[PDB]
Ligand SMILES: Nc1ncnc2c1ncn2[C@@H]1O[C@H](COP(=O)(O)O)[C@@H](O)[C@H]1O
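Consider the single chain below, provided in structure tokens and representing the form solved without the named molecule.
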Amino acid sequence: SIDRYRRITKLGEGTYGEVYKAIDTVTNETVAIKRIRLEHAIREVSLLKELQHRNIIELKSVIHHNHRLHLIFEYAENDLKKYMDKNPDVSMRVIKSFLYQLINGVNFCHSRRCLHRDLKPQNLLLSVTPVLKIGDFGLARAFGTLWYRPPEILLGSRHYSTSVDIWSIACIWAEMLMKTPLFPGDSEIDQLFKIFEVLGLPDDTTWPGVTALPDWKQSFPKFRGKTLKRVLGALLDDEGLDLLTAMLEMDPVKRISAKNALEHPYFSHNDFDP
């Protein structure tokens, strides 16, 4: 279609290629256009059109013309990083709303067997309390910071489960509360150290199979764990700390599902905007 889109304004370079905003002359609405640089698909990305949910940036159209690939998405002006920068005094209610909305979107996608794999504040767009909408679900798989990366990936597991995204959510949540990243590693190993420093060094009881992961080191320091309570326990009520702890299980198989997170008592109090 791509001649349906006018006033195409480059916004920058994103993960996969250049990113633009444009006017969809059919609806007169602003849309986002992402050029997807390839070379080493259309059916696969087109399946993402089914991910229609208020907390998910809608994939509106897949345009594959003259050997180039563009995705047309719902546009959101703002994003979480920009928002947190502009709103130092953001209320706990807003944070908890954003968190619920994030988990709700993720649960929706996970229920459709669609993983994100690269959640970060930069792909949490905010539209209109703003409505949080997750961008780029499915793109990491369809097309190939460590701060939000879970330990099983850092330790070289090739298996991405739904649990990956849950980890990232907890890291994002922690950052909303702390205003600094929970685990600001500067390398895969430094990232693991940052995680282990808080959560302790795993073993084959706490995380069965961990020592058989490709990048497990027998020589890792025997971190006991500062504990999440020590790190941000001042910022969160008890139920909130319980949920975060469940999302930051290092063994991905013990990590709380998005579905169970939404069912957690933390979200039973009507003190947030869904």
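The first residue of the shown sequence is 1; numbering continues from there.
Another form, the form deposited with the named molecule bound, is not on view; read the next lines as being about it.
Placing the named molecule onto this chain by superimposing the site C-alphas, using its pose in the entry with it bound, gives no ligand atom within 2.4 angstroms of backbone or C-beta atoms, which makes the site open. Among residues of the shown chain, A76 is one whose heavy atoms approach the named molecule to within 4.5 Å in the entry with it bound. Using a 4.5 angstroms limit between non-hydrogen atoms, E13 touches the named molecule in the entry with it bound. In the entry with it bound, the named molecule lies within 4.5 Å of some heavy atom of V19. In the entry with it bound, the named molecule lies farther than 4.5 Å from every heavy atom of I195. Screening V45, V210, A32, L241 for any heavy atom within 4.5 Å of the named molecule in the entry with it bound leaves a single hit, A32. When the named molecule is considered in the entry with it bound, only one residue from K82, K179, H159, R93 comes within 4.5 Å through any heavy atom, namely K82. Residues placing heavy atoms within 4.5 Å of the named molecule in the entry with it bound fall in a single listed stretch, namely 118-126, out of 170-178, 118-126, 83-91, 150-158.
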